[PDB]
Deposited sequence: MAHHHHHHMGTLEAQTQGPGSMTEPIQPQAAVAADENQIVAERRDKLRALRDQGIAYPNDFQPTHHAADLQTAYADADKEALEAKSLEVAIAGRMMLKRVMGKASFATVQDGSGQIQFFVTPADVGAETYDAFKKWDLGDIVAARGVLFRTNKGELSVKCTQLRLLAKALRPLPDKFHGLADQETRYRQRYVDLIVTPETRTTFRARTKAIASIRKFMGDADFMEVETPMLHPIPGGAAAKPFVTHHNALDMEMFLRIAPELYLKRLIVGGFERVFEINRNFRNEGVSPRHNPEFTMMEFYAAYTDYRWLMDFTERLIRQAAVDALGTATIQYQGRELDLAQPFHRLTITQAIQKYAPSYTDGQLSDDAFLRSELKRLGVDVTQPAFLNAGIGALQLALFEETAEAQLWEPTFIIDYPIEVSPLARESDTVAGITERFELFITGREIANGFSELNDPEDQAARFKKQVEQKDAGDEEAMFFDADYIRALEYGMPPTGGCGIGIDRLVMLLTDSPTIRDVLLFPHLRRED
């Protein structure tokens, strides 16, 4: 390993004594992938007539030297093609230098396209150059993929494909939002008071002003300020930050899309979110009837819509109606399953919150088929409009697919006095030790007091959506550079 690097470093030393070691004048004219497509059906004779001159640059992935003739496989950004090399065509000095290059080196050739006797498409090199020496060899392990994504990208074509699909899916989501009349906006990543979500923040400090500032846990409160300001339809796709546990399923920064539509409510949001996701599949995979991790996932069907208790009953039928309505039962049953209900997060827990907690331990992970869970207790929905007909319930949903939260939304709380009250109740929890409880945001209350129209809002987890569209088993597989441990 070190001896290999040293040997390659010594070649680089010699290379510098005889010219420009890292030249930047070569201009490729074609892409391997495009040649493989456009000339799949052409044969030795067809190609000899066309006599197409090409110029390719990329990473040398294989090399075979056999006396007066040598073959290499070169990989550019698009794919692979062979270089065929003889001193007759490339000249003796280049041929000799070529033989001493290494797997990994960035190389470049001009030459005529042709087909080898074994059937492969290849370049009869008439010019051949080394553009950049690979000092470290390519490997020929489970975490290296993430610590050295650049290696994973060279060596695993599937990885390149996943990330091209991420990019296309996000463009497709933008198009969908734009067609539905939403204005894409940029709100701050630095907040003087974090909010818009239940999460532990990252804190930093502005030196000139001697001021604590928080990386955003969510843009929600800023996006609703825009609604007050009179933009009826806004959305934002960007990072949130959450300072919590690390795992294969957790990264400290992740991409959310939030959107807000004045004069809508949660029923509208659910229909709209459902349509968006289904179209996201059709765009990415040609169909909404797909598979994820070896199991059928039919996004073409209408999404299920269930209450919290409906969902517990569907997947944990042993629970009776009377049991799910009994405070004392719910507490002992939650204690049994490892939920400490004495924790400050539960300071304002009523019967609804206990049910929700039971749903999380029993049913949630089993929501394979797309399922909206509907009507959430007020005590855990501090930003959500209260029902007009049932006290203590909010017009809120969460969407689960494959057992993971993909979206969450609600009729927005536009009543400033209600909002102030619910903030004070969060501060109680926070004072009692609940680190995911919200801070009182006076500037936000002030904004609402200018008068905010009734509005519907939703956040979609772009990283999790992309997992489904690319059959990626963890969030780390859809992030170019996941954060890792030391």
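Missing from the model, by position in the deposited sequence, are residues 1-35, 176-181, 528-529.
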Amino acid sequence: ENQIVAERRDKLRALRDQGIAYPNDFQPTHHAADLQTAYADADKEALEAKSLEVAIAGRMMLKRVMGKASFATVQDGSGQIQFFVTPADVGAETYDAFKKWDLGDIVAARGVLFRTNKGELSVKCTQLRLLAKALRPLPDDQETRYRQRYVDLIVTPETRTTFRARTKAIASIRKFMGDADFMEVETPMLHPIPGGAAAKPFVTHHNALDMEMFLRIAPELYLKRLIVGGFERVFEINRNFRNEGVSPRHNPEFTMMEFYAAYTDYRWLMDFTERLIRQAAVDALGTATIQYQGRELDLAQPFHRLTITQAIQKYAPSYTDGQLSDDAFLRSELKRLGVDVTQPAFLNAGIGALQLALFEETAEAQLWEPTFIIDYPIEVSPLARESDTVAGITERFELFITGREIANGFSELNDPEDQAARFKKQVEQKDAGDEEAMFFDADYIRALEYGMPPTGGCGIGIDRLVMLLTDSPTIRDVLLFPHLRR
From here on, numbers count along this sequence of modelled residues.
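In this entry, the higher average B-factor at the C-alpha atoms falls on 246-254, of the pair 232-240 and 246-254. Between 308-316 and 272-280, it is 308-316 that carries the larger average Cα temperature factor according to the deposited entry. Between the residues 338, 77, 192, 219, it is 338 that shows the highest Cα B-factor in the PDB record. Within the group 41, 449, 418, 443, the record's highest C-alpha temperature factor is found at 41. Annotation for residue 344: C-alpha temperature factor in the highest third relative to the rest of the modelled chain, per the entry.
Sort the modelled residues of the chain by CA B factor and residue 24 lands in the middle third. The PDB entry assigns residue 63 a C-alpha temperature factor belonging to the middle third of its chain's modelled residues. In the PDB entry, residue 116 places in the highest third of its chain by CA B-factor. Sort the modelled residues of the chain by CA B factor and residue 85 lands in the middle third.
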